[PDB]
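Residue numbers (the working numbering), protein chains in the order written: chain D, 79 to 367; chain P, 79 to 367; chain B, 79 to 367.
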Amino acid sequence: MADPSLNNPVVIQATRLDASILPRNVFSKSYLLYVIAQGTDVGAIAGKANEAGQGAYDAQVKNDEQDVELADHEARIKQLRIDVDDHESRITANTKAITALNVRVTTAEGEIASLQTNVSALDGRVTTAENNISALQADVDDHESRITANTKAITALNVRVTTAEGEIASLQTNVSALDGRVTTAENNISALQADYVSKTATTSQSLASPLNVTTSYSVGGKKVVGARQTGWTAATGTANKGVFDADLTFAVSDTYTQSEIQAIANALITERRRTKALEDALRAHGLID
Amino acid sequence: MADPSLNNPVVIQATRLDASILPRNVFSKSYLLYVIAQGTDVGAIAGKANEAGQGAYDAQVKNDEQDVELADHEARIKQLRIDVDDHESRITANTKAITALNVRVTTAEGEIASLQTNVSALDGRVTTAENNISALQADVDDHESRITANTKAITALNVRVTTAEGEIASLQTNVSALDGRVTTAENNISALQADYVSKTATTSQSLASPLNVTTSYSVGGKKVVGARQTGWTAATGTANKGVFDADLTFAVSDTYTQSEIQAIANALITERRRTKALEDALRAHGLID
Amino acid sequence: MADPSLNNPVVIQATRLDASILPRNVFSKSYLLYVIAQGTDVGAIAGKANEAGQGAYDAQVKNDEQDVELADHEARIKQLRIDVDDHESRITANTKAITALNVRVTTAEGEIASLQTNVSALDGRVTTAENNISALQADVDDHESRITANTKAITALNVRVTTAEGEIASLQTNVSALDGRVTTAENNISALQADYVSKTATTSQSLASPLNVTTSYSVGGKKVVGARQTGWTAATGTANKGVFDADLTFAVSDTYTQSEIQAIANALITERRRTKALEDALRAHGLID
Ligand SMILES: [Ca+2]
Ligand SMILES: [Cl-]
Ligand SMILES: [Cl-]
């Protein structure tokens, strides 16, 4: 460290030299040009050897407050170094984060503006949709208000069709019924014209049957027959269908002749028998009783 | 500071002594040698306090030169930990903000990847919907092509059904007009068959009325009756409808007999009354005038 | 740079003034003490100046070791600011770049938050349109059934009206054809009305024809005119339809002087002439053959 002894003065120098008292008798002048000078030189060398060690201590005691402030330095540096070195790994790490973050920010911002245009695209896409759906519900509303009016007038014309369809058969069975009714009538009229007598024809009409009339038969507007006459007694006798002559019963004379009255009586007999068979006619027919 | 006074030596008067200066007689040999060896030492001891004070000065120059290059290191060491304190407050405020940026950023694409899976799912939910819309029109768009096909038939049918009901209204009016005639026409033909005289029936027919005829009355194909004859004059007298003699005979005598001639005139009378009666009955019927 | 020349001392004489060597009566005690003490001081100044320069040399060699650690003191601190100056360049890069990344992130987080409030309303715009679509899908499924039902209605409505339209027309002929045949009939009917001969007629009838019947004409219920009579022989003679009387024209007296027999003879032959006329009349009419 330091030496304090250095700072301890040796100065003595007990005595200062004078002559007297020294053998100035036994000495040459020159030993006295030495012995007084030797004493002064010895004493000046001491004080100088003393000052040499005062300054040697001051230089030693400075070196000891230098080494103490060297050692305070040596420490303040090492903790300044251990600090920059740790600050180093810490900044090197702080940037390493900033650089691998900005990449997380860039991958974000890039998807967002993509997401931004992948959003308002879907909004546009649903607006087309929305506007369609509403029109589709505008048409379906019109379609429902129509189909039903179609169904309603289909029912309304079906009840007019099934009516006529059943009235058609009514007429069609009225026509075929009247068809049989017409043909038998026209056939009965054809026969009725064949078997009937007309007030209008000359062509002689032949009955297969007897005839009856109320009062008189007639021709030309004159009465030709009447009721069978009454009151008759039937003439009996012999009916003469033989020859009949109108001759004079003659020879009537002035004298009685038997042969003529015999003729007149025989021209009576035979005249009565015509009138008898002329009566046999009017009876057989029935014109008289 | 330091002392420049130490480079200053002290000069000495004492110097090497020849035997001439010394008192050979007075001093012992050993004290003779001591005094000559004195000046050596006395002079050589000087050569140190000289050389010590030099190196004491030379050590105070190298000292004071170090002292300013110490405190130079100190202004540097005090300025260094000063800027290093400006190091440590910054990096730890840099690393506290580094983890605030990692948390924010993680929340960034946490929401992005949600934004990304919704937009993708809504695209899938849109691509399904507009698919359904595309056909939804295709259905509806054809529907009104059918509705206008249906509704048109409806009007086309309602016009064809109407004209059919107008016709049938006319038909049914005239099937009841006809069926009201043929029935009457079957009524008048029914009264005709009861009221007519016929050619076919064998049994006797009859009239409630007087009958007239033209030019003839016939039976069996032969004409039995005909027109009335007008040339007649009325036969007068009394008519005899009573008993008429059957084969009345007369027996005549050769000589005149009154009673025999009386009977012949009487049978002339009666038979003249018989011929008057046939004609009187004939004029009653009207066969003659 | 140390001078070891200050680490070596003086060698001084071993003998110091034993006084065995000192001048006997020559020196006064005044000078006897000085000389003796001057031997003790001189030898003392040496062994100090020896260590007064031993200190300086030790205040030098230490300063040498002081200059070697200062060399390491500067060579460190130079590096200390060499890596520190790089720090505040690399920290101010760390700190200013921290601020550039935030302002991108702050913006980025708020344009997402607007992106999520837009897409949360999309999800419900898609879903509402999702709900109005299948409501249309089912309504259209209901619309398809109803239309097919509607068009199977009119197709079968069409098959009925045509089958009906042709049914009316054939019916439209057969009614006016029936109208004809009835008019033909009912016209021939009224002919039979004004012409045919009645059984029940009251007023006297007429015929433009000769009548002929098969067996018996009758009037009143009894046979009057039947088939003509045969077996007759045509009477030869003349006829008299003139004046006639049934009167008694023949007188008989009791004698024959005169012919009044010719009066009975003339009345028999005017009577046979009526009986001829009465026979003719029945022959002309046809009643007799
Ligand atoms: Ca120093
Ligand atoms: Cl429809
Ligand atoms: Cl940093």
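Virtual Cβ for every residue (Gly too), placed ideally from N, Cα, C.
Counting along the chain, B:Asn290 sits inside the beta strand (DSSP E) bounded by residues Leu289 to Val291. Taking 8 angstroms as the upper bound for CB-CB distance, P:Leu84 and D:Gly133 are in contact here, some 5 angstroms apart.
Residue contact check for P:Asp273 against chain B: a CB pair falls below 7 angstroms. Between the stretch 97-116 of chain B and the stretch 92-111 of chain D, the count of Cβ pairs shorter than 8 angstroms is three or higher; the stretches touch.
Measuring C-alpha to C-alpha distances from D:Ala359 to each of P:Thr311, P:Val302 and P:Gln138 identifies P:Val302 as the nearest. For the pair B:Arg350 and D:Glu338, the CB atoms are not nearer than the 7 angstroms cut-off.
In this structure, D:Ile160 has its CB at a distance of at least 6 angstroms from all heavy atoms of ligand 3. Within a 10 Å sphere around the beta-carbon of P:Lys230 sit fewer than 16 other beta-carbons, which makes this residue exposed. For D:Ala345, same chain residues with a beta-carbon under 6 angstroms away, outside a window of 5 residues either side, are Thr327 in chain order.
Taken in chain order, the members of the stretch 311-342 of chain D whose beta-carbon sits within less than 8 angstroms of a beta-carbon on chain P are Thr311, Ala313, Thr314, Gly315, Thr316, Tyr334, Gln336, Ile339, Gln340 and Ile342. D:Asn86 sits exposed, since fewer than 16 C-beta atoms from the chains shown fall within 10 Å of its C-beta. Counting the other CB atoms within 10 Å of its CB gives B:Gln144 a total of 16 or more, which places it among the buried residues. In terms of Cβ geometry, P:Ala127 and D:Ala130 form a close pair [threshold 7 angstroms]. In the DSSP assignment, D:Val297 forms a beta bridge with D:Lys300 and P:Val291. Taking 7 angstroms as the threshold, the shortest C-beta distance from P:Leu214 to chain B falls below it.
Per the Cβ contact rule, the stretch 276-293 of chain D is not in contact with the stretch 309-317 of chain D (fewer than 3 Cβ pairs under 8 angstroms). Around ligand 1, the residues whose beta-carbon falls short of 6 angstroms from at least one of its heavy atoms are D:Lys140, D:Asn141, D:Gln144, P:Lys140, P:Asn141, P:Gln144, B:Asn141 and B:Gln144, given in chain order. Judged by beta-carbon spacing, P:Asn172 lies within the 7 angstroms limit of B:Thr173, meaning their Cβ atoms are closer than that value. Shortest gap from the CB of D:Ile232 to any heavy atom of ligand 2: 6 angstroms or more.
For P:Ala122, at least one C-beta of chain B is nearer than 7 angstroms to its own C-beta. Comparing C-alpha distances from P:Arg361 to each of D:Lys300, D:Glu222, D:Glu147 and D:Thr311 shows the shortest one belongs to D:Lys300. Within chain D, the residues placing a beta-carbon under 9 angstroms from that of B:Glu129 are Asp81, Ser83, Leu84, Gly131 and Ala134, ordered along the chain.
When DSSP assignments are scanned along the stretch 100-152 of chain P, the uninterrupted stretches of alpha helix (DSSP H) that are 4 or more residues long and fall wholly within it turn out to be 107-122 and 124-146. The beta-carbon of B:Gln250 is placed no less than 7 angstroms from the nearest beta-carbon of chain D.
Using a Cβ-Cβ cut-off of 7 angstroms, P:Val104 counts as an interface residue toward chain B, since at least one Cβ of chain B sits closer than that to its own. Taking the Cα positions, B:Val253 is about 38 angstroms away from D:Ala227.
The C-alpha of B:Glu208 lies about 19 angstroms from the C-alpha of D:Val197. For B:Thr308, no CB of chain P lies under 7 angstroms from its own CB, so it is not counted at the interface with that chain.
Environment of ligand 3, chain-ordered: D:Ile169, D:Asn172, P:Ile169, P:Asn172, B:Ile169 and B:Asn172, taking every residue with Cβ within less than 6 angstroms of a heavy atom. Chain order gives the chain P residues near B:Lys277 as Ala272, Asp273, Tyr274, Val275, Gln283, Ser284, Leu285 and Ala286, where near means a beta carbon separation below 8 angstroms. Look at P:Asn196: its beta carbon is at least 6 angstroms from all of the heavy atoms in ligand 2.
Under the 7 angstroms criterion on CB atoms, D:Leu158 is classed as interfacial with respect to chain B. A distance below 7 angstroms between beta-carbons, with the five flanking residues on each side excluded, links D:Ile366 to the following residues of its chain, in chain order: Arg306, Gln307, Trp310 and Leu360.
Listed by position in the chain, the residues whose beta carbon lies within less than 6 angstroms of some heavy atom of ligand 2 are D:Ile225, D:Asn228, P:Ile225, P:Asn228, B:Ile225 and B:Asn228. P:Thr233 is outside the set of residues whose beta carbon lies under 7 angstroms from a beta carbon in chain B.
For D:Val291, the neighbours in chain P by C-beta distance under 7 angstroms run, in chain order, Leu285, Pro288 and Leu289.
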